[PDB]
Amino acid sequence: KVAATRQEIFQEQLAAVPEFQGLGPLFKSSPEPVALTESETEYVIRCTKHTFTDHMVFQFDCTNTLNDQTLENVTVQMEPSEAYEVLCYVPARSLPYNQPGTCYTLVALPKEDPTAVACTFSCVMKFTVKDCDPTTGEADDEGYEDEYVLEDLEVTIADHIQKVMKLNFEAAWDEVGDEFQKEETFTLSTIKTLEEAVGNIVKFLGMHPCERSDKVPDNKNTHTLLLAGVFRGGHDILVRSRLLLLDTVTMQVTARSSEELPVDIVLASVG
């Protein structure tokens, strides 16, 4: 079968990696690579996040832009804030002048507290530097070990959810059930408008606002936002947020899912 989507391409590339043979199917990949260095500098490091049921793989497309050297055995070391355990480092064997290469870092999602999906990673690329002839590409037999600090990488609940447009929210909401329904009220102390509030939550949760829910009528004090998506693992996750505008914005967030974990993850992340 031939890949026809961006995810299928990624699934193919990841499946070809030896160290990843044990992983189940790819749940999702970030839509756009995030640059981990400033533009026009020595290196170009673009990271893509791949989410699996119980793990995450971080893909780093690296480019060495200096012609008098070559980097080898390149990886990007990661130090997490939360309990994400780094399990494996797959190096880019060689990064000659202007020839992009790829390395990966595999990690386990937090076990103790399944709720700590948010996390910040300190990133440092480790490599072997070898002198190179500016016009032969021939790299010396030996070199030395060096490092290069990169911007931090951020993982959020949005990386654990895939958005989808449900036929009927009313239907899906009843279809899923209320066995694991839960509610929590939060106050957005700094937001003073419903339009902004709705905006921030839609972007933060990475879910799809159904029934034009993201459209807030002119001059109102209350609004109901309806969000839908599929959580890591394949279980549907629905969220209803009833917003109230007073001095600031407050909201009653109710979530539903076929399983309990998704609901607990969402509520614990919004506050």
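Residues carry their position along the shown sequence, with the first being 1.
Higher mean CA temperature factor between 215-223 and 28-36: 215-223, per the PDB entry. Higher mean CA temperature factor, per the PDB entry, when comparing 179-187 with 98-106: 179-187. Looking only at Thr193, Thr156, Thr128, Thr75, the residue with the top Cα B factor in the deposited structure is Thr193.
In the deposited coordinates, the residue among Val239, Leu246, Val44, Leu205 with the greatest CA B-factor is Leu246.
Per-chain ranking of the deposited C-alpha B factor places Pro80 in the middle third. In the PDB entry, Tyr89 places in the lowest third of its chain by CA B-factor. In this PDB entry, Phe169 carries a Cα temperature factor that places it within the highest third of its chain's modelled residues. The deposited CA B-factor of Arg232 belongs to the middle third of values across its chain. Ranked by Cα temperature factor within the chain, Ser258 sits in the highest third according to the deposited record.
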